[PDB]
$ cat protein27.txt   # compact mmCIF, C-alpha atoms (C1' of nucleotides)
# COMPACT_ATOMS: atom_id res chain seq x y z
CA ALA A 32 -16.40 101.00 -38.37
CA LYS A 33 -14.40 99.00 -35.84
CA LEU A 34 -13.82 95.32 -36.55
CA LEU A 35 -11.88 93.99 -33.57
CA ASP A 36 -13.49 90.53 -33.45
CA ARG A 37 -10.71 88.07 -34.30
CA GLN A 38 -12.77 84.89 -34.68
CA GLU A 39 -15.49 86.71 -36.58
CA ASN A 40 -12.69 87.74 -38.90
CA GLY A 41 -11.92 84.04 -39.02
CA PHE A 42 -15.44 83.45 -40.29
CA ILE A 43 -14.82 86.22 -42.80
CA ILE A 44 -11.35 85.04 -43.79
CA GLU A 45 -12.42 81.48 -44.53
CA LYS A 46 -14.91 83.19 -46.81
CA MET A 47 -11.89 84.38 -48.77
CA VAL A 48 -10.48 80.95 -49.58
CA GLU A 49 -13.67 78.85 -49.51
CA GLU A 50 -15.16 81.49 -51.81
CA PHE A 51 -12.22 82.62 -53.94
CA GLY A 52 -9.94 79.61 -53.65
CA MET A 53 -6.30 80.55 -54.10
CA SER A 54 -4.75 79.74 -50.68
CA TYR A 55 -5.08 80.88 -47.10
CA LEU A 56 -1.87 82.89 -47.45
CA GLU A 57 -2.91 84.94 -50.45
CA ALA A 58 -6.50 85.22 -49.28
CA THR A 59 -5.54 86.72 -45.95
CA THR A 60 -2.85 88.97 -47.45
CA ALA A 61 -5.60 90.22 -49.73
CA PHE A 62 -7.63 90.84 -46.58
CA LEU A 63 -4.69 92.63 -44.97
CA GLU A 64 -4.28 94.99 -47.91
CA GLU A 65 -8.00 95.48 -48.59
CA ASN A 66 -8.42 96.88 -45.09
CA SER A 67 -4.82 98.14 -45.07
CA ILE A 68 -3.33 96.03 -42.31
CA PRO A 69 0.37 95.97 -41.33
CA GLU A 70 2.15 92.80 -40.21
CA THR A 71 3.10 93.61 -36.60
CA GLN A 72 -0.27 94.94 -35.40
CA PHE A 73 -2.23 91.94 -36.72
CA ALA A 74 -2.77 89.91 -33.53
CA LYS A 75 -5.56 92.41 -32.80
CA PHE A 76 -7.29 91.75 -36.14
CA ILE A 77 -6.64 88.12 -37.06
CA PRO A 78 -8.11 84.99 -35.45
CA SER A 79 -5.65 82.92 -33.48
CA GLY A 80 -6.64 80.03 -35.75
CA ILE A 81 -5.82 80.95 -39.35
CA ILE A 82 -2.24 81.53 -38.20
CA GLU A 83 -1.76 77.85 -37.52
CA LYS A 84 -3.04 76.61 -40.86
CA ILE A 85 -0.88 79.34 -42.39
CA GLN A 86 2.20 77.88 -40.74
CA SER A 87 1.12 74.40 -41.83
CA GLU A 88 0.54 75.19 -45.50
CA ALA A 89 3.68 77.33 -45.48
CA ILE A 90 6.07 74.63 -44.31
CA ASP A 91 4.30 72.15 -46.57
CA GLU A 92 4.80 74.48 -49.54
CA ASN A 93 8.48 74.62 -48.52
CA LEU A 94 8.56 78.43 -48.27
CA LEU A 95 11.76 78.05 -46.26
CA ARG A 96 14.72 75.70 -46.22
CA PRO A 97 15.42 72.43 -44.42
CA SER A 98 16.84 74.69 -41.69
CA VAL A 99 13.23 75.31 -40.67
CA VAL A 100 11.90 71.78 -41.31
CA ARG A 101 13.48 70.07 -38.29
CA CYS A 102 11.96 72.79 -36.12
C1' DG B 1 21.34 142.21 -115.83
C1' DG B 2 20.23 138.70 -116.85
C1' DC B 3 23.03 134.49 -117.78
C1' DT B 4 25.79 129.11 -117.69
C1' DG B 5 29.56 126.03 -115.57
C1' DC B 6 31.98 124.53 -111.28
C1' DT B 7 31.09 123.35 -106.74
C1' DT B 8 30.38 121.71 -102.19
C1' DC B 9 27.83 119.35 -99.72
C1' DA B 10 24.13 116.18 -98.65
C1' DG B 11 21.15 112.08 -99.37
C1' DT B 12 21.26 106.66 -100.62
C1' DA B 13 22.88 101.38 -100.39
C1' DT B 14 32.92 97.25 -73.36
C1' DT B 15 34.21 101.37 -71.51
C1' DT B 16 38.13 107.00 -68.68
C1' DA B 17 45.22 106.85 -65.05
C1' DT B 18 47.27 111.82 -59.48
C1' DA B 19 44.43 116.37 -54.31
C1' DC B 20 43.66 118.66 -49.51
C1' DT B 21 41.44 120.71 -45.89
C1' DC B 22 38.54 121.44 -43.40
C1' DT B 23 34.07 122.56 -42.63
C1' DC B 24 29.88 122.39 -42.38
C1' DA B 25 25.24 120.26 -42.86
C1' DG B 26 21.54 118.42 -42.56
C1' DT B 27 20.05 113.47 -43.20
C1' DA B 28 18.94 109.04 -42.59
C1' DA B 29 19.69 105.17 -39.81
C1' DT B 30 19.36 104.09 -35.06
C1' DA B 31 19.20 103.36 -30.41
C1' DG B 32 16.02 105.50 -26.63
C1' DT B 33 11.91 104.99 -26.08
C1' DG B 34 6.70 103.42 -22.81
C1' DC B 35 2.66 101.15 -23.93
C1' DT B 36 -0.38 97.17 -23.54
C1' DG B 37 -1.39 93.44 -21.69
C1' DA B 38 -0.93 90.07 -19.59
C1' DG B 39 0.69 86.78 -17.31
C1' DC B 40 2.27 85.42 -13.82
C1' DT B 41 2.12 87.14 -8.14
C1' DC B 42 -0.02 87.07 -4.69
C1' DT B 43 -2.83 86.52 -0.93
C1' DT B 44 -8.15 85.88 0.72
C1' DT B 45 -11.20 84.01 3.11
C1' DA B 46 -15.41 81.06 2.25
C1' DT C 1 -9.49 73.34 0.52
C1' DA C 2 -9.40 76.33 -3.58
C1' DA C 3 -12.09 79.79 -6.53
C1' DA C 4 -11.19 84.19 -6.67
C1' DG C 5 -9.32 89.21 -5.93
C1' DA C 6 -5.55 93.11 -7.04
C1' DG C 7 -0.71 93.87 -8.48
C1' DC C 8 4.67 92.89 -10.41
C1' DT C 9 6.77 92.87 -13.96
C1' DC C 10 8.14 91.07 -18.48
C1' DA C 11 6.74 90.31 -24.65
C1' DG C 12 5.70 93.49 -27.93
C1' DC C 13 4.72 97.72 -31.01
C1' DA C 14 6.56 103.12 -31.21
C1' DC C 15 9.50 107.78 -30.86
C1' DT C 16 12.60 111.10 -30.40
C1' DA C 17 16.85 112.10 -30.40
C1' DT C 18 21.08 110.65 -32.20
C1' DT C 19 25.51 109.86 -34.84
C1' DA C 20 28.17 108.41 -38.38
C1' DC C 21 28.17 110.52 -42.45
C1' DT C 22 27.83 111.43 -46.79
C1' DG C 23 27.53 115.67 -49.47
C1' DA C 24 28.70 121.25 -50.83
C1' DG C 25 32.01 124.53 -50.42
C1' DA C 26 35.72 126.89 -50.08
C1' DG C 27 40.18 127.67 -50.14
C1' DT C 28 44.22 126.21 -53.99
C1' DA C 29 49.62 130.83 -56.37
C1' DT C 30 56.29 125.18 -60.86
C1' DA C 31 54.94 124.50 -65.37
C1' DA C 32 52.98 127.45 -70.88
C1' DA C 33 52.08 120.83 -71.83
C1' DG C 34 43.03 110.25 -93.32
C1' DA C 35 41.72 103.87 -99.74
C1' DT C 36 32.33 104.24 -101.63
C1' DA C 37 29.89 105.79 -105.31
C1' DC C 38 26.01 108.38 -107.29
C1' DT C 39 22.81 111.63 -107.99
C1' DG C 40 21.34 115.95 -107.20
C1' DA C 41 20.81 121.11 -105.81
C1' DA C 42 21.60 125.67 -104.58
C1' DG C 43 25.48 128.86 -104.30
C1' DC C 44 29.28 130.83 -106.37
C1' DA C 45 31.57 132.45 -110.31
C1' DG C 46 32.67 134.45 -114.88
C1' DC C 47 30.05 136.65 -119.49
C1' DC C 48 27.41 139.55 -123.36

$ encode --input "protein27.txt" --output "structure tokens"
Amino acid sequence: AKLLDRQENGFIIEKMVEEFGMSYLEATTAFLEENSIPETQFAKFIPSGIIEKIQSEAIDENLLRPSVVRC
DNA sequence: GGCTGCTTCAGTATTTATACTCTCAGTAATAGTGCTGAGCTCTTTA
DNA sequence: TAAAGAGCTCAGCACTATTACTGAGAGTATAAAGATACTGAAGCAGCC
């Protein structure tokens, strides 16, 4: 009904990758759309953790330019 | 009054120069908008 | 001395009212401005 536990959702969202195995990005976007989640009201749904690995894998995949590398 | 030759048509093999005037109209973007929380503010006395 | 109140106000997602603003409309009264070829098929056309 209500699913406001962020770190529990971390346990559930690692299930996405560790189970499916595409990437943390696509796994959690799949989560966001499955339960119909916007992108500004997420801090109430998403563990504080997965965000950091998301940033990591993002910059490592080079999603943005050198303008973002130095910082 | 039924009757044959011409006939006409129909089927094959990029990139277009000069309104005007409101006048309104209702719209979609857009700033005004107020929360939530939360994080620092602050003092308390144990 | 320092764990622990109760509040002072600043990130961070909306909302209503807005403001260019683009569209729909209604006025407009000098003129006179082309080198197939073939086969075929009904219709038309003149006749005993």

$ interface_residues --input "protein27.txt" --of "chain A" --to "chain C" --cutoff "12 Å" --atoms "all atoms listed in the file" --output "ChimeraX atom specification"
/A:69-75

$ closest_residue --input "protein27.txt" --among "A:95, A:90, A:63, A:85" --to "residue A:40" --atoms "all atoms listed in the file"
A:63

$ closest_residue --input "protein27.txt" --among "A:81, A:100, A:89, A:94" --to "residue A:43" --atoms "only C-alpha atoms"
A:81

$ closest_residue --input "protein27.txt" --among "B:31, B:37, B:7, B:17" --to "chain A" --atoms "all atoms listed in the file"
B:37

$ closest_residue --input "protein27.txt" --among "C:15, C:31, C:45, C:21" --to "residue B:27" --atoms "all atoms listed in the file"
C:21
